[PDB]
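The residues making up each chain are set out below.
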Amino acid sequence: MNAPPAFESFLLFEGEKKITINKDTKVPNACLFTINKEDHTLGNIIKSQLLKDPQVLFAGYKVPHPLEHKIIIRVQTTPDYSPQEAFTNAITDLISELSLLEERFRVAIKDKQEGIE
Amino acid sequence: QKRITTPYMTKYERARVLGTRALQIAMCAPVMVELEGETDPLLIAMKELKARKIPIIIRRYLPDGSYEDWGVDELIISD
Amino acid sequence: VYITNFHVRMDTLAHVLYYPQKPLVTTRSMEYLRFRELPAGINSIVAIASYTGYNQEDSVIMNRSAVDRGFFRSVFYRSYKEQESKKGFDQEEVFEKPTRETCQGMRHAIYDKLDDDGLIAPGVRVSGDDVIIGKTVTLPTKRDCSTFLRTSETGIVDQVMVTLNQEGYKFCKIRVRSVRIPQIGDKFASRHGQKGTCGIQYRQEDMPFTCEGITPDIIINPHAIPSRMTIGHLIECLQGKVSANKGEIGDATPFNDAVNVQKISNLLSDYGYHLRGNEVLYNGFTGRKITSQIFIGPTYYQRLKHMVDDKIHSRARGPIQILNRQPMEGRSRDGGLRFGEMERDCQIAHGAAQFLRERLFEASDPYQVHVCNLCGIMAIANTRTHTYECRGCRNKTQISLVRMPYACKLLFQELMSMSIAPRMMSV
Amino acid sequence: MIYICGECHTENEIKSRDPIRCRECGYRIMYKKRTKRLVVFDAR
Amino acid sequence: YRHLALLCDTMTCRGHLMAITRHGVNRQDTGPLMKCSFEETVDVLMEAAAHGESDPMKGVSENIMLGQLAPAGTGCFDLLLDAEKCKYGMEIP
Amino acid sequence: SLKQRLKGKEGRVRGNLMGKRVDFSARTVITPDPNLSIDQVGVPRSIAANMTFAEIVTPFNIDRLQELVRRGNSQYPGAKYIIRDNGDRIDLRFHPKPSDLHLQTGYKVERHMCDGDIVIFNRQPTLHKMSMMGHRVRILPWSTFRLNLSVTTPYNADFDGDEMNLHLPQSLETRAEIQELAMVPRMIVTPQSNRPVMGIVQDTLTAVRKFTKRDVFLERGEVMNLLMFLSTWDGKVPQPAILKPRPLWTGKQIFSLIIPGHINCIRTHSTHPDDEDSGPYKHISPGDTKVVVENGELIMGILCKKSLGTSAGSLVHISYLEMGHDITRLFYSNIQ
Amino acid sequence: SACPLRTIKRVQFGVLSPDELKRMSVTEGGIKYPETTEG
Amino acid sequence: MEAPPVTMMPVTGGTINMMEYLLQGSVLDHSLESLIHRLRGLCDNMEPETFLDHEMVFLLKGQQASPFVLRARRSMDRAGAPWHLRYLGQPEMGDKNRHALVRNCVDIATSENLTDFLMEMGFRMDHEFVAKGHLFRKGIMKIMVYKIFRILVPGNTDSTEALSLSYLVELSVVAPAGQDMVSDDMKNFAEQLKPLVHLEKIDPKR
Amino acid sequence: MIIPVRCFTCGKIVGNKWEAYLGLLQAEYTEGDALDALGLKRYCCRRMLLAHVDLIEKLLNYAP
Amino acid sequence: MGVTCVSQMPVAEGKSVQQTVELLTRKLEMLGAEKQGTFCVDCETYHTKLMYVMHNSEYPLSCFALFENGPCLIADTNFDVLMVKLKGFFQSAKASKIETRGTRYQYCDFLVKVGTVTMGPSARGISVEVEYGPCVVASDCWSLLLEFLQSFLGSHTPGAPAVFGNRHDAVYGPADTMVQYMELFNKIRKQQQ
Amino acid sequence: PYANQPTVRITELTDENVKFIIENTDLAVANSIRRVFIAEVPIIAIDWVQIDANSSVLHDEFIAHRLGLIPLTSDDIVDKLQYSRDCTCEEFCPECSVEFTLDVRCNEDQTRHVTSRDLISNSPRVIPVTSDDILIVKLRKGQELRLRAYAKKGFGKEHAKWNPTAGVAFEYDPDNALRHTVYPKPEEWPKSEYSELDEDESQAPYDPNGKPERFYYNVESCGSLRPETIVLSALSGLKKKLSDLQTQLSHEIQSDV
Amino acid sequence: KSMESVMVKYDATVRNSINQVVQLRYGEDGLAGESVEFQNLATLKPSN
Ligand SMILES: [Mg+2]
Ligand SMILES: [Zn+2]
Ligand SMILES: [Zn+2]
Ligand SMILES: [Zn+2]
Ligand SMILES: [Zn+2]
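- As summarised from the PDB record, the model derives from cryo-EM at a stated resolution of 4.07 Å.

### Considering the packing of helix α1 (residues 40-52) of chain A against helix α1 (residues 27-39) of chain K
Phase 1 of the analysis: Look at α1(A) against α1(K): their axes get within 9 Å of each other, and the N-to-C directions meet at 160°. In terms of axis orientation, α1(A) runs roughly antiparallel to α1(K). Relative to α1(K), the crossing made by α1(A) is left-handed. In contact with A:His40, A:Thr41, A:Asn44, A:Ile45 and A:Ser48 of α1(A), α1(K) contributes K:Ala28, K:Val29, K:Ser32, K:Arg35 and K:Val36.
Phase 2 of the analysis: For the contact of α1(A) with α1(K), a count of residues per class yields four nonpolar, five polar and one charged.

### What about the interface of chain A and chain K?
Phase 1 of the analysis: Taken together, the contact between chain A and chain K spans 45 residues of the former and 41 residues of the latter.
Phase 2 of the analysis: Between chain A and chain K we count five salt bridges in total.
Phase 3 of the analysis: The tally of links from chain A across to chain K stands at seven residue pairs in polar contact.
Phase 4 of the analysis: Broken down by secondary-structure element, the contributors of at least two residues to the side of chain A that touches chain K are α1 and α2 (83-114) of chain A.
Phase 5 of the analysis: Considering each element in turn, the side of chain A that touches chain K owes the most residues, 21 residues, to α2(A).

### Regarding the coordination of the zinc ion (ligand 3)
Residue and element names in this part refer to chain D.
Phase 1 of the analysis: Within the protein, the zinc ion (ligand 3) binds to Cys 5 (SG), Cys 8 (SG), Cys 22 (SG) and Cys 25 (SG); these donor distances fall in the range 2.3 to 2.4 Å.
Phase 2 of the analysis: Seen from the zinc ion (ligand 3), its four donor atoms lie at angles of 88 to 148°, and the figure they make is irregular.
Phase 3 of the analysis: Counting along the primary sequence, the residues that act as donors to the zinc ion (ligand 3) give the motif C-x2-C-x13-C-x2-C. With a gap of 17 residues between them, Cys 8 in the loop between β1 (3-4) and β2 (29-32) and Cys 25 in the loop between β1 and β2 connect regions that are remote in the sequence.
Phase 4 of the analysis: Since its relative accessible area comes to 12%, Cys 25 is described here as buried.

### Things to note about the state of the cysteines
Phase 1 of the analysis: Evaluated as defined, the whole model comprises three disulfides over all chains.
Phase 2 of the analysis: Across the disulfide, J:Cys135 is cross-linked to J:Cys141 (sulfur-sulfur distance 2.0 Å). Linking J:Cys135 and J:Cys141, the disulfide has an S-S dihedral of approximately 135° and is accordingly described as right-handed. Accessibility classification places J:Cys135 together with J:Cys141 in one group, the buried group.
Phase 3 of the analysis: Disulfide pairing places K:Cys87 opposite K:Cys96 at an S-S distance of 2.0 Å. Between K:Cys87 and K:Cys96, the disulfide has an S-S torsion of -65° and is therefore left-handed. Note on accessibility: K:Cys87 and K:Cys96 belong to one class, buried.
Phase 4 of the analysis: C:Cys375 carries a free sulfur, and the closest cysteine sulfur to it, the one in C:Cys393, is 3.1 Å from it.
Phase 5 of the analysis: Exposure remark for C:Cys375: the relative accessible area of 5% places this residue in the buried category.
Phase 6 of the analysis: There is no disulfide at E:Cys13, and the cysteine sulfur nearest it, in E:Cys8, is 12 Å away.
Phase 7 of the analysis: Classification of E:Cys13 by relative accessible area gives partly exposed; the value is 28%.

### Some words on the UniProt feature "binding site: Zn(2+) 1" (unreviewed entry) in chain D
Residue and element names in this part refer to chain D.
Phase 1 of the analysis: As annotated in UniProt, the feature "binding site: Zn(2+) 1" (unreviewed entry) corresponds to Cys 5, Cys 8, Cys 22, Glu 24 and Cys 25 in the numbering used here. A compact arrangement is adopted by the annotated residues: their sequence extent is 21 residues, whereas the largest C-alpha distance between any two is 10.4 Å.
Phase 2 of the analysis: The exposure class assigned to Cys 8 is partly exposed, which follows from its relative accessible area of 32%.
Phase 3 of the analysis: In this structure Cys 8 touches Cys 22, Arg 23 and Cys 25, once residues within four positions along its chain are discounted.
Phase 4 of the analysis: The contact partners of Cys 25, leaving out residues within four places of it in the chain, are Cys 5, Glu 7 and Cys 8.

### Overview of unusual backbone geometry
Phase 1 of the analysis: Of note in this structure, F:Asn73 is not a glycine but carries a positive phi near 65°.
Phase 2 of the analysis: Along the polypeptide, F:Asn73 turns up in the loop between α4 (62-70) and β4 (79-83).
Phase 3 of the analysis: By relative accessible area, F:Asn73 is classed as partly exposed at 22%.
Phase 4 of the analysis: Non-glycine residue K:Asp173 carries a positive phi angle of around 55°.
Phase 5 of the analysis: Relative to the helices and strands, K:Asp173 resides in the loop between β12 (170-171) and β13 (216-217).

### Some details on the environment of F:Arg267
Residues and elements named next belong to chain F.
Phase 1 of the analysis: By secondary structure assignment, the location of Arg 267 is in strand β12 (residues 265-267).
Phase 2 of the analysis: Taking the C-alpha atoms as reference points, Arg 267 and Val 292, 25 residues apart in sequence, are found 6.8 Å from one another.
Phase 3 of the analysis: At a separation of 3.4 Å, a polar atom in the side chain of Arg 267 contacts the main-chain carbonyl oxygen of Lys 306.

### Section: the environment of C:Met418
Phase 1 of the analysis: Assignment of secondary structure puts C:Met418 in the segment after α7 (406-417).
Phase 2 of the analysis: Sequence separation between C:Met418 and C:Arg384 is 34 residues; the distance between their C-alpha atoms is 32 Å.

### Description of the pattern of salt bridges
Phase 1 of the analysis: If you walk through the whole model with that rule in mind, you get 94 salt bridges over all chains.
Phase 2 of the analysis: With a closest N to O distance of 3.3 Å, F:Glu55 and F:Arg64 form a salt bridge.
Phase 3 of the analysis: Classification of F:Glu55 as buried rests on a relative accessible area of 10%.
Phase 4 of the analysis: Since its relative accessible area comes to 28%, F:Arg64 is described here as partly exposed.
Phase 5 of the analysis: If you follow the salt bridges from partner to partner, you end up with C:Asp158, C:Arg175, C:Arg177, D:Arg34, K:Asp60 and K:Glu61 in one network.

Reading the values: the criteria
Residues numbered from 1 in each chain as written, not as in the entry; some residues may be left out. Chains lettered and ligands numbered in written order. Part of a larger assembly, values for the part shown. Heavy atoms only, no water. Residues with missing side-chain atoms left out of burial classes, pairs and counts. Axes fitted to C-alpha atoms, helices over the stretch in contact; angles between N-to-C directions. Helix = DSSP H or I, 4+ residues; strand = E, 2+ residues; numbered from the N terminus. Parallel < 35°, antiparallel > 145°, perpendicular 65-115°, else oblique. Left-handed = near helix turned anticlockwise from the far one by under 90°. Contact = heavy atoms within 4.5 Å. Nonpolar A, V, L, I, M, F, W, Y, C, P; charged D, E, K, R; others polar. Salt bridge = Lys/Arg side-chain N within 4 Å of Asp/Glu carboxyl O. Polar contact = N/O pair within 3.5 Å; in protein donor to acceptor, adjacent residues only side chain to side chain. Donors = N, O, S within 2.8 Å, 3.2 Å for Na, K, Ca; no water. Tetrahedral: all angles 85-135°; square planar, octahedral: opposite > 155°, others 65-115°. Buried < 20%, exposed > 50% of the residue type's maximum accessible area, 1.4 Å probe, protein only. Disulfide = S-S within 2.5 Å. UniProt positions renumbered as here; feature names shortened; annotations may be inferred.

This is the structure we're talking about:
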């Protein structure tokens, strides 16, 4: 019997920082953001946007064990671009998209619900 | 004297020594090479072996009864 | 379900299941053996595919969401009986709440659940360090001999019967109900010879999904079927799908002649699936279509009784038998594993003496005995006056200390009663 | 405390050191009654 | 072949083919504690006391019995310290 | 009787001296854990909290051990007993106020086990040396011994209610030996057949035959997600084999990244023409058999069990005899 | 305590002297009363 | 058996605890002058402090039988000095060789509104004493010589009666708890005052 | 034992359909007809009803 | 002790929590203000009555324990260690901890600090504190803080605080700033929505 | 180097399903929002059954599982009910949970089906959705079940009791135009509902340089919320996790020092 | 039990417990079987 709380998957602990930028000594302009207590919901979404940016040379997410919640994302970028800048920009760009869909859905339901017909 | 034993350390004398040196460091023994961000007695001592500097001499008793006594520095690190 | 009077029967070790279901594919002759009355498993949307890897070597992946809507939930009843004994001429094992006021040996625990009669009531939640039945024997003040549960019972007691035994004494039966949700490790097995423990469980969202939303509750590995050739599990996978969409129990009598693989398949084709069972799935974590079309379908799964909780054993500084000083067993299954000769010999081969010395001596029986040097016989060694004397040799200056296994000291002491006199000569 | 009878199913309250025989009918198998404490389960 | 020769040389070593099933090598040149390893433990020892046969205590199975580091690998060498080498010690502790 | 007590099987002669019931050990079911290195085991939390190494308190660690004792018993990163200098042991369940305990140099804390330890993992029908090999723990939430698939072949298990035992070396002298003479990384080439005992097994072979085939081409999104799973990468994407029409990398190229250092090996894939070697097209291979690995880059050919598995001359064996032990372990984990 | 630790190197087996046994016994010149205790 | 709760990551971050090594002895008033002159000679050359202070001990009567004891000290003599609040742990003395009393100690300077905060929190004032005497120091070691005075009347410091003609002398070191041999240095210093006054570790019990 | 409140796969509430399924079957509807009429179309939402052994029916025959 | 005012400014529109701070801080930088380090205010709570312990980074060693209307004790950091030691005896509460972390901007003897009371892991709200170190007198330095706030804060400028309370010649205290922070924190914890 | 522009297009609505079609978006943005429709939209459901008398033939933790998976009407009060940790209500308590009570004693001869109708709520708005009725337990003469339970608010990653939707169904590229899946033999595979191919053609021709776009959806609400709100509440929620990470990233980029 | 204690003693004479020489040099070649791999001799088979 080893059944742990299933809310811990997203619940941050007292001694747990959510994002910990660990710069890579081996490669210049490379940073490892290690969001803890997230998963592949936010890992595929963040990596998807970093990739669209042309300046981003490499970008990806590995959830190191399925039974331990963490993501590790690395954004190595051209010299002028900063990995921290690439991370800060995408969260905003996705937020615009999400805000756009939300606004657009509301536009859509009202017509259909009231019956565009 | 006449060392007849092989110059290289044996697979098993690199184990008892790495372990013995380690009980010394953990017990507060002086260290013999720089240790940086390292607090683990085996890592501190596996490092010394890399440099040939551990303070121990190995009595390889021969089958007949005579203790040839090679020293850490002379023995060639096999790893 | 074992028999339908589970509520009054009270046998040791009996496990019911929350939702037993009749199989979608049924042999015609099952009805004869009361199986649509006492089924032993649940039809699972199983999907023979390789996913994250945790499904290799007879391992099934499983849906955390479905084992949460009830799939395979079970209760593990275990009955415990204590009989009042009047064997003593004056010794009576009466039934009472032992109280620190009158019984000398009240042990360290919570004796506050036992009610007045002595029996924990139905409905409580027994835990470690709780005393379920309390009895106070009377010595010629009143040593309390009470009953303690072992470890991890932690099951709300369901019934406490108090009634006369065949011997004519007064006895009680307590059934301590415990719920058992499927976890990582529990054996589950199909009806075609394939048995497999779970390797990870994953939630509905992060699992492969059909294009109408049907996420598989079990993902058995593809590699297991070949070498063993159970090509009947895959036929019942097809027929169950045909039966589910046509709504009828599908018969699979050993020889029906109306079931070649092809005839069952053509029926499945009308409903709209690949004639041969494959369906198009999409990776759950990324969403991208898994290239190869996974074979999915409904197949009966039986949940074997064996569970990890019964198997798990662990030990460390555990209770020791005083007579031979080698580990024994108390609560918690603290009797450890055994280093028998076979595994006492790989260690010599690896050449590892110190592990062997540690596992054999330090771990099981570490003793130091003070031995006289001139004669190898053992030596009185007062600790408080710090004197060490070998009476019979009149030596107080030469008493060495030698570490020996306790198991061996007793061989040395026992041999001496027989008069052989080993000298543990140190020189 | 309050034991429950098996046949006539009367709850015959019995103090300690008493015979566990029920009145009216002689069903000598008697089951203890639910705790008056409260235990709280999570639906989980 | 290494493994093949040793089984086929240890067996044919003292000069007579030796059965090596528990019965074949049951007769052996061993200290009483080693020959107390096989069911005659009570009997061999009583004979041993009368005949005063010291057990040389030099066997892997012999030492493990008395909890002494055995003469196996990791066991055949005693280690001694260096008095001169400790000078380089970068005493820090 | 005394003669009866020291008798035969079960007597102080066998039952109590040669084989005894050792402590600091645990047994449980083994389920698959691919995301573990070949030298990791995942002890269940209860077993890890039910066993303990002993850490001599020292100036360097006195800081952490203060918290472990304060938090002892209550939480998994806690200490249970603090054996003292004269040998007494302040069991911490009953010390009334664990917070106030005073640790000193020379005193040893029984820290509950934790990631990074060494344990000798053994199967019960022990026979070959590969039966008792050492693993580094990595404590995980569920109650199962989590093992990598590659090490199952030497253990000879398959995870179907199989049960394996975990014995914890308990002193720094023994940890050194388990670490240096029997760690799964150092026992890949057995002396019985001079062959690697453990080879890429179940799914990972059916995948390697297909990742490494002539028609496989992975696009940019896939290469980066895949290369983040390599722990030997120098961080540089390679140049895609097909460039201008679109940038599509070839499977062989991204398998030449897992391959360690430089190795030269030439072998035959499981499907091999019985005549191609002699005739024309010998070195252009119409069917892509004839694996050639030159300099550490598969230059041609599909990989089979003989090329990647447990046979003499296997790609795994070339590495052990040239490149090393730890590098070979890393390469196996990355391939999986 | 003070007595030094050391390694058994040879074990010698002999029937023990009737006299040595007498001297080593803590019991005074032979167990006498059969009953373990009365007070 | 059981899932001990998992717990966080911060292990190194935090504070080491402060052990107080204490040796306590008494001097009769007639010989006080000889001891004062003697301590001045052995100790560092600093003019004597001549401190006067009022200390009230607060105990918390919670469900657990042992009441938490926090000692609050106000310096009446030194104006504009903050109240000091200290917690003293159970004796950790073990080795006979140490010949010292070891207790866990936390020292916290507090604002004047300390009495009200403690009473609202629920701590209850129990016993109050006024201590007057001289303080001298050698290295880390601090020697305090003081004459405890009983306080009568519910609240005030105007009138005090002497608890004893004699004065307690306490040698105290607030060590960081790193390494040891702190007790050895203390034993040596205590030995010098031993002919003038026998400073020994006296157990608080009876 | 009792119809499970929600299908194990999707989670549709199927628990509320047993009384009619038994009943619609009673009128004459075929197993195909009842499942479709109540609203279950996915293969999972059907297997709970097509295959449930009512058991509380027969443990209610034991007198309390 | 220099007169201080703290208020919460709503993000407004669809501006994300962080987006609004970024903009407000840039507006402060557009006052000629120069950054003078970073400030962290971490507070923990107890359900005992109710205890609050808060510590501004501006004060390096002090820990403030406030008992609602009851007195505030300004104590050394060893106070937190005493609190942890008592912990088994003490009450703990359930994840009520509240922290505001933001940049410090200095504009000619006025220090302005804008931060996001991030509750636990999720940000919600915004706290602005303007302090005047030269102004030892308080309750009538309100004209100053008000004019400066109308300069940058504009709308949502606070009409004083009650920590000034009754008109008095009483000097402003570090305790008063902590009481303002406690009221602001109670409001974020309960504003909801 | 910036955000795409995504459009939506409801194609059918019903009280229990909304088939939107989404367009001009990344495969990931879709899979991510599909996962938030399943495991992050909040709902209110039972979580503290305390049983006072159960003479039913089932145990008293099968009259828990059963109450828990009942679907209660979250309505708009999930917006105004804080989580137990957020509420700081020291576990459950009014305003941090909704109280549900039941009382059935079967004294008449016929079996008395107990059903969701008998779960009664102190808050009028949250009442079991069926308001036919899930059967909690059939009862015989003389047996009683009385229970007190409180319903805390819930995500779905914690347990499937708080899962708003049943079959969330997704699909892009109905004809395998980008040949993501290589039909072993294209002929026998039945056509997708959203097909545009002519009947004769087996599958459409390879169009290589086209990333995936045109994600279909069919959220089917179990009943706790109306199906549209499950879509909108997912999208708000994803924003919060995204908009929460930025705060921490910033409160951490500055203090890299 | 029969091959209980043959060891490669320090001068390479594989010897049993009594110190008797069972094999003069281990395996007749002195090479331990882990680093040895199969090679084609190349001169025995070819024609004169
Ligand atoms: Mg097996
Ligand atoms: Zn003698
Ligand atoms: Zn009756
Ligand atoms: Zn369904
Ligand atoms: Zn509330």
